[PDB]
Structure formats: structure tokens, C-alpha cells
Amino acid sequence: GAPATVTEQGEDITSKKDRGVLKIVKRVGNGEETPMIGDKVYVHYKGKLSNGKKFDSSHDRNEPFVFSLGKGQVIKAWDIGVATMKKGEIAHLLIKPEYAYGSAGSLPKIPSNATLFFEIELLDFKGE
């Protein structure tokens, strides 16, 4: 599966290099420019828990997901991962609980020590 490809071949994009966020680019985006901290960011995504028990998509809501990069408005893995993406790119992220919801989790939706996979498409990013 898509997760196992990332676990195998996938780029370690953490600063500490602890394999905590792993990345494969699936469709290459456009321009040399990736977003700066603070940028307003527009994505579509699909996401799941590795346990296969929960799934979530921006499409279930019929619209892009929007947030300010690097404000901790998402999990650390998104602030890291999306910062590496070009306009128009689709990537896969596989994420250790340390860069998601950790030992506490976020019950009931996310258990203690959960691993998460996302597919992300970066639609646009505008400046603060």
C-alpha cells in the first residue's frame, strides 16, 4: 500500500532525522517557490490512521482546507511537510505519533501513540 512505499523509500524530512515524517512526491508542482512561515495555505487532503479505523477528507466538506503555515494550527508534521511542497504538488506523508498527537492522542478520534498517513495536494499559498 501507499503507506508501505513511504515507510520503505520515503524521504526523511525531519531536522533531527528521526524518521518521524516521511515524504514521497506523487505529482510534481510548479515554480521553484515553496511557502514561507506564516503564508496562508490552501490544500485538499485525504488522511487516515494506520489502524484503518478512521478516515478524513477535505472533500467530505466540499472545499479546500485552509491554514497559516507554521502557527501550530495543524500537527507538527503538516507545518514541516507542506513547507516543502510546490504549488500544484501531490505528496504522501507517513507520520510517527511524535509529529502528530503523541502519547496522549486526541480521544476518541485519535488513539494514544497513533501513526497517520496523508495524501496532500497544495493548491495555492498567499502571503500574510
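Sequential numbering from 1, following the sequence displayed.
Peer 1: Looking at the entry, does 27-35 or 89-97 show the higher mean C-alpha B-factor?
Peer 2: In the deposited entry, the stretch with the higher C-alpha B-factor mean is 27-35.
Peer 1: Quick one: say whether 106-114 or 5-13 has the higher mean Cα B-factor in the deposited entry.
Peer 2: Mean C-alpha B-factor is greater for 5-13.
Peer 1: Between 48, 71, 44, 76, where does the Cα B-factor run highest in the record?
Peer 2: Of the options given, 44 has the highest CA B-factor in the PDB entry.
Peer 1: Lowest, middle or highest third: where is residue 64 by Cα B-factor in its chain?
Peer 2: Top third by C-alpha B-factor.
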